[PDB]
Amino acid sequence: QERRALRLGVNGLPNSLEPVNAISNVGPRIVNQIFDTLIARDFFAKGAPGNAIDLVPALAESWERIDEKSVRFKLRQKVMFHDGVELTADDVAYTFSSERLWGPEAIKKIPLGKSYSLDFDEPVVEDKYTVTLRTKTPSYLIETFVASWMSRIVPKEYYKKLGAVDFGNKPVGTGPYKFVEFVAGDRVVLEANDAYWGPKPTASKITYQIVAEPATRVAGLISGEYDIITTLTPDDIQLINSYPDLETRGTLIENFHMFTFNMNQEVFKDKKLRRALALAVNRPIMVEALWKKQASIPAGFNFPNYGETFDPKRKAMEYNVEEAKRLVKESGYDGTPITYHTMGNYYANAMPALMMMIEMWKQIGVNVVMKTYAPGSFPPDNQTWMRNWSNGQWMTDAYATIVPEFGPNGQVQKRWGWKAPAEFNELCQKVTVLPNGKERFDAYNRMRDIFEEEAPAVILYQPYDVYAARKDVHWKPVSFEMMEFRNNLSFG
């Protein structure tokens, strides 16, 4: 009798298991198993229900902040990567290097590495088990960055030999499960790493099988094909819970769903029609109709996980149908249909939400039409106008995701053409280097106000992430877009 193999029915798969390129709603549930970070979040600290904020040692046994721009890490000794190579400071230095991650040479290998990274200087290797991470300018975000999904540790020699692309198809990490196979757009299979330095894996094997249609995914749990299924909606809860051997398990996660624009298109170069579309979205009626009250509507680009830079005083985002109609008229919009691209229901409630917004927009005089696209076939940028997206809020600080995504160095401005006000970009630079205080707090509030004025994206809500599982598979969700199995997976 060997350990049970775990069968997962998932909404989607990443195109690469290179851990930075796998950042998405579907990559972390896999790369969290293959790799470790220096510091890890313990969502279950002191009995919490999967939402604790505590950081604990992981690949680093201890660490110390030296000054405003450096942190020294002492590494756990005798940790082995899946191919046997011992983890050393040289691997950590390479993970956070100019070459691999944030320098100009990393642009083709990890396209978002520089824009999502801090203003890093080269790491300093002090000895085989001691490494210092540094920024060129002050950064009080080194610790939260190192605990995050940007900071999974890769093996220097193996990664350099294969290159980022081939490493992404045959990954080697220090994590509790090791790579077996990756069939693009179909499945990922991992196996127990019984040499793991931490809590030993409890499943013999893990299979991530794509089941893009949620109804088929629910039928596969009912029939006994899957142990756990992902990305359901609250409308599936009553049916699943009627089965005595199945149950749903859900939690609000530190992510928001949104829609955004290709601002290289003429109709979206100016803010007026973006604002008109934002002002016509009735979020509470969408939360009632599609989420059974379980989703949460934030007061702007502002979330409690930001800690000292969360503002609980902020007003709700605006809803004004009559001001929206007047903006449609002033924009010169001529009635032509505007497309909105969606990858089916990769996002829970994506197509039901869009159908509701299409009617809301018809009532303001804007004609929007759904265009679907297949997994791994994202349209050419110049064929897209509106599209859905999401952002995981990956730091204990407001820096992420407004600055990495929407800042002067980010993709919304550089790729998608948002001509941000100069004041917004000046504030992004200030919050990057400032320590917490009134100046920094007020700068984030001004950035949030400009974001709502400009509408380069429209925040909808934080999703209630719904899984379903067999009652004999013990596993709790966490408040983030990943699955955790360390000390959180057992059978019987």
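Heads up, when I say rigid core I mean the largest set of C-alphas that superpose within 1.5 Å between the two forms. All residue numbers refer to positions in the sequence shown, first residue = 1.
Averaged over structures and residues, the CA distance from the shown form in 8 other deposited structures of this protein after a core fit is larger for 424 to 432, of the two stretches 52 to 60 and 424 to 432. In summary, of the stretches 344 to 352 and 150 to 158, 344 to 352 shows the greater Cα distance from the shown form in 8 other deposited structures of this protein, with structures fitted on the rigid core. Taking the PDB entry as given, 184 to 192 carries the higher mean Cα B factor of the two stretches 246 to 254 and 184 to 192.
Here 352 to 360 and 303 to 311 are compared by their mean Cα B-factor, and 352 to 360 comes out higher. Taking the deposited Cα B-factors for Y373, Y129, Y319, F406, the highest one is held by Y373. Reading the B-factor column for the CA atoms of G410, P176, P380, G113 in the entry, the top value corresponds to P380. When all modelled residues of the chain are sorted by CA temperature factor, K46 is found within the highest third. In the PDB entry, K325 places in the highest third of its chain by CA B-factor.
In the PDB entry, a CA B factor belonging to the middle third of its chain's modelled residues is recorded for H474. The PDB entry assigns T135 a C-alpha temperature factor belonging to the middle third of its chain's modelled residues. Among the modelled residues of the chain, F259 sits in the lowest third by CA temperature factor in this PDB entry.
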